[PDB]
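In this document, chain identifiers A, B, C, D, E, F, G and H correspond to the written order of the chains, with residue numbering beginning at 1 in each.
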Amino acid sequence: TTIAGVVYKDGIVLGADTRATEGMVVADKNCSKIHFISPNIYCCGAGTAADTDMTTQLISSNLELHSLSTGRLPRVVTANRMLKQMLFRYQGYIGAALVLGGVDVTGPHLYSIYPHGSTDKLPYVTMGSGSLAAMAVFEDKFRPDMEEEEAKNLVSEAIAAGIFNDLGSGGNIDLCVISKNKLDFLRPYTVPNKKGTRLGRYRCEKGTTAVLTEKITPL
Amino acid sequence: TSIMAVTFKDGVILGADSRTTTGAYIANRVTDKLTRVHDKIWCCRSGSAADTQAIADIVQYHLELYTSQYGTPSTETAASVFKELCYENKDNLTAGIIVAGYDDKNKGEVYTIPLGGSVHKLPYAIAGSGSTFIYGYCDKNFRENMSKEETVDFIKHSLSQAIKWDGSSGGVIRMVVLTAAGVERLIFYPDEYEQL
Amino acid sequence: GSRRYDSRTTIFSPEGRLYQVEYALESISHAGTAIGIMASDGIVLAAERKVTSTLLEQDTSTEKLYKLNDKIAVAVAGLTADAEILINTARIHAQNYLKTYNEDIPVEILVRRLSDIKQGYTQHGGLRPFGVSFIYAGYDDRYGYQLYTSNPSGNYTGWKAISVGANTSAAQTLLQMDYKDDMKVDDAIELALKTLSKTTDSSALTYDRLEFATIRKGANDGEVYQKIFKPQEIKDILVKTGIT
Amino acid sequence: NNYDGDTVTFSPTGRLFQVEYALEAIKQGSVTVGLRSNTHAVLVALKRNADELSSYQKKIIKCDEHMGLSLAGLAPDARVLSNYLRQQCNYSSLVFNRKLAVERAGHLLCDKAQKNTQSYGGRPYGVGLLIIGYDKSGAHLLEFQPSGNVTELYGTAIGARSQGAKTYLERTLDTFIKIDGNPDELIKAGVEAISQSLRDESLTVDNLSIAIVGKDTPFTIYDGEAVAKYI
Amino acid sequence: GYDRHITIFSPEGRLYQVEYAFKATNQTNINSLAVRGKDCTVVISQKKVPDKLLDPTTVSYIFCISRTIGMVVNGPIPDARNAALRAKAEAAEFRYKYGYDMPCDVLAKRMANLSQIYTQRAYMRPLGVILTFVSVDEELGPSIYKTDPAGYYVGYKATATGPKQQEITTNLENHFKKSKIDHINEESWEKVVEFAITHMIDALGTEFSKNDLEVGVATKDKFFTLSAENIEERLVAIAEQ
Amino acid sequence: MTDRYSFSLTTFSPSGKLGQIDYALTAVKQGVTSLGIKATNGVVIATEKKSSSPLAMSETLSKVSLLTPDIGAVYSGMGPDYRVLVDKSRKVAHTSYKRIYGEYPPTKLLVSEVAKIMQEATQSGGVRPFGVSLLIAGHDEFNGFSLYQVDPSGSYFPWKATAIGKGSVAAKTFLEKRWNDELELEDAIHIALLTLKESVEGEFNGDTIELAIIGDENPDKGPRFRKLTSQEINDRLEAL
Amino acid sequence: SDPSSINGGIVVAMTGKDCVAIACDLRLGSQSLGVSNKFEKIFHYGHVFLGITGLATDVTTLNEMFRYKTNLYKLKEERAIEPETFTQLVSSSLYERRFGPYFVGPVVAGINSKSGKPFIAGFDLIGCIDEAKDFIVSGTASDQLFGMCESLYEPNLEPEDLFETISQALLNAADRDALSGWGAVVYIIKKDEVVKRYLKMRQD
Amino acid sequence: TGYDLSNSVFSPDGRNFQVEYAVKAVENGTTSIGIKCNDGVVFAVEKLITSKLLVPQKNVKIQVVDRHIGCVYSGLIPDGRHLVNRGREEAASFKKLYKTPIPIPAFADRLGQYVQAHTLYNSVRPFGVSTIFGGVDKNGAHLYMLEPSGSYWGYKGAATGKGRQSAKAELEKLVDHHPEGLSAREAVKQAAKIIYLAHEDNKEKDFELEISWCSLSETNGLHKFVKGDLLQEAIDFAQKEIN
């Protein structure tokens, strides 16, 4: 996986690839890795996929209940805390590696959360097997207080680096742009590879397969 | 990691590098390892980032609740809470924490808590992987009741060397000054400290 | 301490009756009449709703007839909330049995289970009993069609026809008069509605004051089908039998 | 009246009636006397029989080599509390290689009895105890009431007609305190004290129970022909 | 008549123990008042030290719950302290779990939900206290929220609590009917405290010295109580105009 | 501290009455009027914001609560009891339903869960019943629009329209005359505002009335629950 | 030793035009020893079909568990569960054993009764959802199936075209696996008819 | 009526009669006092000599908590001991975590919350003691008094038990006549006098005087019992003042 996030002038841009692998095999080529936490907060997911899904869903559910009781939008620090304290409790056995980005009353915030329960608060982060490829792009070209379309390009460029150079990463590029005035969930933002075209039709004609018995039941 | 806390005339200064590594990969090059548990009680963190973060958050909570009930806690009290966590959970923790704080009564105080969970009150303390390289330097150059500028220079030179030799340390040198005057954050970039 | 306020729900009276069971039965006697009638080729459940307003949404309403599994249903008389606690317990017992033996639970086994739960509230725990009486209509391949009832005491018995709730005395006499062993479902449908029509405290028996159901093996290929009657269907069967 | 149904209820004058009723059970119990000098401490107890076929109920229990008590009231409660003392004495010896101080033993009994008087469901202990002992600060005598009130004394008595023995000791105070290095004369003073609480019945061989602890004397109980010397 | 001893319904649909806890509320014979400025929330309360043997510095019904939240209590001090300790504990646990300072209203609702439990569960008695929480919330601004033994709670523009609450309430109602705003239109908290004290003097018809009052002030990022001398300065300013 | 109340505080009296449930219903009777009306393309629920003081900000006190994006609730009776039922209803809608099935519960099932909680306060040791009646309006894909009432007993009934609390007898008669199966949502809102005016003594405007709807989706879906603003109510009061 | 490959066997599911297909082999073994040639791996709860490969005791247990849950679901909801909802139920159920999982590879297949939309899904043993439109594969010859499906499959197949595609994908994948085969079953599922066909294949 | 039969029940007044009945047990007890001085506190208590058989100086009433806090109480003596046992647990857990010995106000609330807890339920009885306690901490001297309700306040002087009105009047004179403050040695003498004056309310039986003190200068901020010559000097001063 290749997931990344940057803090730009007006907010947060998150990015992710779309390749879900079982071992060396690709099970899903268009897998969504950018997860809803709250209306102003999203989470990119890497590591063990079930752990990533269920951890973000549980904290999203608990933040929803929290936000109903307080009547105000949840904060990224509370999402961060709730993820952090849970992952820490489980001592790394929940292999959730998250890029958490969102926009508060206090402004935009970006975190990287690790399976063991550490978090870094940063202007840009990368995670997954394609983190080094993506981080190279950020070290090359990141600057603070970027404009929106620039930041979008940088993240997209960083995900692309992962897609091509990392075998664990691939497929399309998904972005999520979060600011005070809007939330743009761009899936897919880019399709850097065309699906390979097949030259033959190998589909068999009717009656080719050998059947023993048949049964039909209506509903 | 290279961290240190140094008492001086007007109070105490904490100092730290900013590098966090995953093996040979620098995961975070701008880490803030000086963390606040109370207004004028801070700590330097070394060891497991997950563990030292988890501890520092629990300590902050305990001291917040102490303050609600009994007013401002002493630096000693903060060190005792750190110790209690580190010692009682020694089997499941990898935390080497320096605790530093300014009272008006006691002035600057530095407590170091190494892996065992023992507490040691010292005039200054060094810790982290990069500390090994500066025991000689720090012992030779430390004096008591230094001025603020002398103590900033002592920490700057010391961590500069710790960074030079330790690959696990690097990036910027952050410092936090604790005096009667308040809390001052300082930062020193490679281009400044490398040429020392 | 707390002893001062304890009603002591699980004690005998000097006569050897359980106060709270007796008083719960008194509660149930005021609930809308429910009737079960077992025929050779199926079971009928009929029950009278209570209080009703013109504004009650009847088609999405269920206060009397509940489904425990595909073979067993219950008619309720008493506190609807108390019944739903017991119903969800019964529904689980049927699935636990199915999971364990890979066969549908026999009707009596389910009935005993619920009845044992009710019993427990009368002997320990210091809690009030469930103010509910059930008519169980069910089928299994051992005994075929079965009717049972249970009450707050935890006692259960088997029946050919039975009523619970209001005017059971009157209802049971009218059933005992017109019931016969060779009777069929269509006849039992008629008997049930006629009995309610005479024992009702309302001025007239109408579709909006009734819940109605049948458990027939009368299905294609000898399989048991539960039919919870819709408001329009109850209205049709009332016209068919000549009550409206 | 309305405020005696349980121990958890104060009366309108600030009284705990269940505790006072427990206190009453002691008064119904048979008399026992405690007294001490600087060297020894003595328990004397008038044991009570059910009838002429029955045995005389034992009144004195040993808690350790250097400590023990006499009881008056519910004997099963004395068994519970003596067993508790035995444990606390034992815990002191095993963990600290230390004989339990008699004063500390009293404090422990007080606090055990107290818990039964503040909580719902339970009941106060229905027994009074006279604890004698010899520890690092010499001879000691304590009086335990199931209210929780423990009191260090030179001499005392509890049970039925105990006031007579208690007055006697109050007069004899200056004499018996000086009986140092003479166990038999201290026991005589205790036997003479308990005699002031007798009516109709007198001290026979299977009636009287005496115990003693002192400087070079472990806590030992004397019953039967052992006490005939003092009748 | 055991429906009056525990928290169960009387035939009228009433909880007499809740109502009697409300009466315990006035057992101190102290009146409190709370008002909102632009940048601040001010809470004032009567201070009565009847015994000369008392250390007057330890006689307080105002509590610093967190740095941002202050709480004044109308009711007996043991129940006040029960409520204070819990509110502090809840505010600290909140900050630890959720990573930001507990808002005034969220605490109020939390304490209210606890109070509700005592009105439904028989073994717990209600606390005989009314809790007035104050802060300058970072989202909602100046905030006054009040909790009572019923478990009711609500936000206020201003409020008053105690034996003579109706007099103070009407005095305040009349002022806000004139100004036609939800707050005291004043820059400095010092003048909002002066208003609070002035309108309590008018409503109660009593003059105050520095030792007859107790003042709490919430600003952005801190709540604090005024010393006797800080109040004296406040009283001097009132007298001089 | 031993919670020694391990025995029921609601028991059957000789007549078969459950005293505490009846008394809880009496508490509901004393409460302020609330009502619900079901249209073909929506449901409306409404109540009076009976302000305890004019200094109190009645906007902070929400009588009408969102339970899920497609379900809303209003009550008559004891406010603090309602508040804790809303908390539990919101939570149970996640724990026993959304975290399992990945979707919000249908109205009837969420109602059933709330009813269960209320029933348990009617039989469990050491508690009184809840002193509220709830009116839960909602939508779900397979059942469509629905309106339910839930009483202190735990009993629940689906309604086309109804009212509870103070002037419920009079209000229900008013609704019986006006209701039909061809009402649009706006017609139902109009009738709700008419019906609610009868039971209100004092001021009758958007600031003293709370009114919400379950209707169309407001932009995976949008939420069907929508609380009407103070302005939106006043607009409809001019066409009254 | 590896629980997911003691008993062996495979499941594949595909979407077509207004239809889905799910298919499985019939083998149950103890590693090399073939035991049963009548061990079906596809079950159904109403109109939602669930294939399960992996450790056969868990296959059986999970079938019994989802029957249980979907039965109570129907009684309470008063309607049959839909594929989308069931998929979430499976995921939940698997993940609640996160640290002692069922050694299985479930596959959901069905048509949403209201929308009419064909639906398939797959899961890892701890409930992460593979939510692919084209095809879902599982079992000891999953790699073989991935290859077969990727080259044979195309979108919007008619029911009897799809039958030939899924059958050939199964059969030819199974014949390159020692622990799969011994017979096969193919369900062709449409909005209101289901055709179940047993396939003739080599019995080694 | 029936509101006084159960603890934690509000009467229609808003009162907890069981607590007020506990106060009657306190009022029934012997006189105990506390005097705050310049750099510390003094505690003193009336010990009624029921009989000549009581061993003098042995049945000690004043209890130490930690090493710096003194506690004395009037009423049901076992209830007071139960409260001090709890106080010792509280002071121990405080020091274990926070290293510093428990401050007096902090300690006061620990007792306060515990006593208040026994007015929250019908399954427990309230404490039949008013407890006078205090000591020296980092912020100086502190004297407290804690009632059966859980109410406590800081005091210049405190008094409870049967002779409390007598004592209170005497304490009020000292407060008026010494605004600059009282010395520790003066407070010991005055404590002796006040117990002797307050003994007129328990005049039937004779008594034994017991005094303790914490003072920053006189005891290094530690709780000590007044013994021997200093005790006899205070008794002599007290005996002179009554005559």
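Assume contacts are C-beta pairs under 8 Å (C-beta built on N, C-alpha and C of every residue); 3 or more make two chains touch, one makes a residue touch a chain.
To keep track of the chains, here are their UniProt names: A = Proteasome subunit beta type-7; B = Proteasome subunit beta type-1; C = Proteasome subunit alpha type-3; D = Proteasome subunit alpha type-6; E = Proteasome subunit alpha type-1; F = Proteasome subunit alpha type-2; G = Proteasome subunit beta type-3; H = Probable proteasome subunit alpha type-7.
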Interchain contact steps from subunit B to subunit H (minimum; 1 if touching): 1
Comparison of A-G and C-H by number of C-beta pairs in contact, larger one: A-G
Euclidean distance of C-alpha centroids - subunit C vs subunit E, Å: 56
Distance from subunit H to subunit E - Cα centre to Cα centre, in angstrom: 32
Computed distance of Cα centres, subunit G from subunit F, in Å: 45
For subunit C, residues that touch 2 or more chains besides their own: 1-2, 4-5
Per-residue overlap in subunit D, given as positions that touch at least 2 other chains: 8, 120-121
Contacts with two or more other chains, residues of subunit H listed in rising order: 5-6, 105, 109, 120-124
Subunit F-facing residues of subunit E, complex: 6-14, 105, 109, 112-113, 115-116, 119-123, 145, 150-152, 154-159, 169, 172-173, 176, 182
In the complex with subunit H, residue positions of subunit F that touch it: 1-2, 4
Subunit C-touching residues of subunit D, taken from the complex the two chains share: 6, 8, 120-121
Subunit B partner contacts - residues on subunit E that touch it in the complex: 64-66, 85, 88-89, 91-93, 95-96
Sites on subunit H touched by subunit D in the complex: 4-7, 17-18, 21-28, 51-55, 58-59, 75-79, 81-82, 85, 118, 122-126, 128
